[PDB]
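Undergrad: Take this structure first; my questions come after.
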Amino acid sequence: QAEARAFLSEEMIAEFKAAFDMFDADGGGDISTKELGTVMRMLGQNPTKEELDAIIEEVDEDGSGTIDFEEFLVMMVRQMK
Ligand SMILES: [Ca+2]
Ligand SMILES: [Ca+2]
């Protein structure tokens, strides 16, 4: 979470915040399975709660069951590497 904000350009960070901000429908600061499922559906997919659970669990370092912004950058940086 330290190296992600390092790796990246301020430009990339900005576009990532925008996206995050799109996913975080209630503006509370983290993405829940409900939020995740809602957007996935917009993208044609049909995920189950399990599936959603498994996706967040890969990037969830604090065990909150939700994805915050820092966990969100890591999932994209990890994506770029
Ligand atoms: Ca939220
Ligand atoms: Ca979390």
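We count from 1, first residue shown onward.
Determined by X-ray crystallography, 1.8 Å, according to the entry header.
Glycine residues also receive a Cβ, built from the backbone N, Cα and C atoms like all the rest.
The following feature annotations were taken from Swiss-Prot:
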type	residues	note
BINDING	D24, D26, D30, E35	Ca(2+) 1 binding site
BINDING	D60, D62, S64, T66, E71	Ca(2+) 2 binding site
DOMAIN	11-46	domain 'EF-hand 1'
Undergrad: Mind giving me a neighbour count for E35 (Ca(2+) 1 binding site)? Other Cβ atoms within 10 Å of its Cβ, every protein chain shown.
TA: 19
Undergrad: What does DSSP assign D30 (Ca(2+) 1 binding site), in three states?
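TA: Strand, per DSSP.
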Undergrad: Take the mean position of the Cβ atoms of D60, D62, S64, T66, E71, the recorded Ca(2+) 2 site. Which other residues of that chain put their Cβ within 8 Å of it?
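TA: Sorted by sequence, the hits are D30, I56, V59, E61, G63, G65, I67, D68.
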Undergrad: With an 8 Å cut-off on Cβ distance to the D24, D26, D30, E35 Cβ center, who else from the chain surrounds the Ca(2+) 1 site?
TA: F23, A25, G27, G28, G29, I31, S32, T66
Undergrad: Measuring Cα to Cα, how many Å separate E35 (Ca(2+) 1 binding site) from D62 (Ca(2+) 2 binding site)?
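TA: Rounded to the nearest whole number, the Cα-Cα distance is 19 Å.
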